> 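Below is a structure I'd like to ask you about.
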Amino acid sequence: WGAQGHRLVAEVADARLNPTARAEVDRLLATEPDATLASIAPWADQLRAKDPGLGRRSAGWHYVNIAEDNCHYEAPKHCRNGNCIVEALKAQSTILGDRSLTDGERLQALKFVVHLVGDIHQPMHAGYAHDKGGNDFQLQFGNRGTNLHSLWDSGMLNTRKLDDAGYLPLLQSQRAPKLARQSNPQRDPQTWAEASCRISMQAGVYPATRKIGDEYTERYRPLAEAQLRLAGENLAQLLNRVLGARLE
Ligand SMILES: Nc1ccn([C@@H]2O[C@H](COP(=O)(O)O)[C@@H](O)[C@H]2O)c(=O)n1
Ligand code: NA
Ligand SMILES: [Zn+2]
Ligand SMILES: [Zn+2]
Ligand SMILES: [Zn+2]
């Protein structure tokens, strides 16, 4: 997602946190003055842009290209050295839940988790290696060029012309998505990447024309918005499991 998609996923999640998870998130955020779950949500993309070390090393953590294998993820094939969103979200979830670590180390893991639960719900972040998740699939949207990746990250969301205050209650107004009964931090990332990949491969998502506009938006913007709500709900479920109560 673009910055607004990331923040919306965090805003949807923030409202669903159980009291134990809410208190812990607020403790980790407090280590960084003025940080909120929304404000950190785009941080991992800024790190990629600005940091020629960890930013360059983390770039592959934002996606996993499995559509050529019909959305059947295999870690040794698609995620050599753990450099993809499935393995990165798993490890950062483990790190976030490690209470022996400093609040500073856990806040950094929270920044990655908030971001990656967002990206792993953007269909094009689980799409084709051939066109780099749509980045190399150029098209005309209205009268100006974009690419199919950008169109799903932000192009269609931008057509609402809402700030977060306007967009958040629209996502909350949607029918409740189907979640797993329970969070499994080690297994859900693959399940989510595969589900996102299956949307990238749905009839029409790749259009049969170079030029698209309001017809594409009216059919697919609802699916992009369903994925934001689903990401936000999945992110709260994950935070509630990893940062929730530890009795016994
Ligand atoms: N041409 C581009 C494409 C993306 N980007 C950045 O990448 C972000 C999206 O990264 P993800 O694909 O990881 O969602 C955008 O919010 C923007 O900051 C950019 O700065 N220039
Ligand atoms: Na609601
Ligand atoms: Zn994103
Ligand atoms: Zn993207
Ligand atoms: Zn990203």
Side-chain angles (χ1 to χ4, degrees), residues 1 5-6 9-10 13 17 20-21 24-25 27-29 31-32 35 37 40-66 69 71-127 129 133 179-180 182-197 230-246:
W1 305 107
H6 282 291
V9 167
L17 294 174
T20 299
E24 181 59 23
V25 163
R27 205 174 111 80
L28 300 186
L29 288 173
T31 69
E32 191 173 296
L37 208 72
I40 70 168
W43 172 90
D45 293 333
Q46 286 318 295
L47 175 78
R48 182 190 60 223
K50 297 209 298 152
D51 188 349
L54 176 64
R56 255 201 273 293
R57 296 202 309 278
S58 66
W61 299 3
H62 298 239
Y63 60 92
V64 71
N65 291 318
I66 49 171
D69 283 347
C71 305
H72 297 295
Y73 171 79
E74 297 173 20
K77 188 178 198 206
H78 302 125
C79 208
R80 199 170 44 85
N81 294 115
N83 188 26
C84 75
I85 188 158
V86 173
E87 302 311 327
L89 175 55
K90 290 168 61 181
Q92 297 294 325
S93 294
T94 297
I95 294 163
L96 177 55
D98 188 346
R99 294 235 204 264
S100 71
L101 301 183
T102 69
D103 283 350
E105 288 159 347
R106 299 182 64 205
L107 173 59
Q108 185 155 305
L110 182 61
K111 295 180 184 179
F112 278 115
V113 167
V114 168
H115 190 83
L116 294 177
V117 174
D119 273 349
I120 203 170
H121 282 86
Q122 208 291 55
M124 303 313 304
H125 279 245
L179 303 199
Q182 299 298 322
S183 167
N184 185 329
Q186 291 316 306
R187 304 196 203 180
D188 292 343
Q190 171 174 356
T191 301
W192 298 345
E194 288 184 344
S196 294
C197 176
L230 171 65
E233 295 288 355
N234 273 334
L235 172 56
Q237 189 190 53
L238 175 60
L239 294 182
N240 285 343
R241 152 77 75 205
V242 173
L243 297 183
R246 182 175 69 80

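In what follows, residues are counted from 1 in the order of the sequence shown.
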> Does a donor on one side chain sit under 3.5 Å from an acceptor on the other, for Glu194 and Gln190?
yes
> Tell me if the CZ atom of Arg99 is crowded by more than 12 foreign heavy atoms within 6.0 Å.
yes
> Using side-chain contact (heavy atoms from CB on, under 4.5 Å) as the criterion, list what pairs up with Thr94, not counting sequence neighbours.
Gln186
> Would you mind reporting whether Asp188 and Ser183 have side-chain heavy atoms less than 4.5 Å apart?
yes
> For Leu37 and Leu239: C-alpha separation, side-chain torsions, deciding distance, then whether side chain to side chain contact (heavy atoms under 4.5 Å, CB included) applies.
CA-CA 11 Å; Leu37 208 72; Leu239 294 182; 4.3 Å; yes
> Would you check if the side chain of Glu74 reaches a backbone N or O of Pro76 as a donor-acceptor pair within less than 3.5 Å?
no
> Do you know the tightest heavy-atom contact between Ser93 and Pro185?
CB-CB, 4.1 Å
> Find the distance between CZ (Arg56) and CG (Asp51) and round it off to the nearest 0.5 Å.
8.5 Å
> Using modelled atom types and a 3.5 Å cut-off, is there a donor and acceptor pairing between side-chain atoms of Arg241 and backbone atoms of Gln237?
no
> Provide the closest heavy-atom pair for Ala126 versus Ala193 in the form atom of the first, atom of the second, distance.
CB-O, 3.2 Å
> On a heavy-atom basis, which atom in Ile120 and which in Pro189 lie closest, and how many Å separate them?
CD1-O, 3.2 Å
> What's the spacing between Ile66 CD1 and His72 NE2 if we round to 0.5 Å?
9.0 Å
> Hey, mind stepping through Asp69 and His78 against side chain to side chain contact (heavy atoms under 4.5 Å, CB included) and telling me if it holds?
CA-CA 10 Å; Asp69 283 347; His78 302 125; 2.7 Å; yes
> Between OG1 of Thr20 and CZ of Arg246, what distance do you get to the nearest 0.5 Å?
11.5 Å
> Which pairs of donor and acceptor atoms, one on a side chain in residues 107-115, lie under 3.5 Å apart (sequence neighbours left out)?
unit_1 : atom_1 : unit_2 : atom_2 : d
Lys111 : NZ     : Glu32  : OE1    : 2.7
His115 : ND1    : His6   : ND1    : 3.4
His115 : ND1    : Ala41  : O      : 2.8
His115 : NE2    : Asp45  : OD1    : 3.0
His115 : NE2    : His62  : ND1    : 3.1
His115 : NE2    : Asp119 : OD2    : 2.8

> At their closest point, which heavy atom of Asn65 faces which heavy atom of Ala129, and how far apart are they?
CB-N, 3.4 Å
> Could you tell me if the side chain of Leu96 sits less than 4.5 Å from the side chain of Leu28, heavy atoms only?
yes
> Hey, what do you get for CG (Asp103) to CD (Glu24), rounding to the nearest 0.5 Å?
6.0 Å
> Closest heavy-atom contact between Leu116 and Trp61?
CD2-O, 3.2 Å
> Using 0.5 Å steps for rounding, measure from the SG atom of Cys197 to the NE2 atom of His125.
13.5 Å
> State, to 0.1 Å, how close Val117 and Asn234 come at their nearest heavy-atom pair, and which atoms those are.
CG1-C, 4.3 Å
> To the nearest 0.5 Å, what is the distance between CG (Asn184) and OG1 (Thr191)?
8.5 Å
> Tabulate below the donor-acceptor pairs under 3.5 Å that side-chain atoms of residues 79-87 make, not counting sequence neighbours, or state none.
unit_1 : atom_1 : unit_2 : atom_2 : d
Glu87  : OE1    : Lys90  : NZ     : 2.8
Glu87  : OE2    : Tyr73  : OH     : 2.5

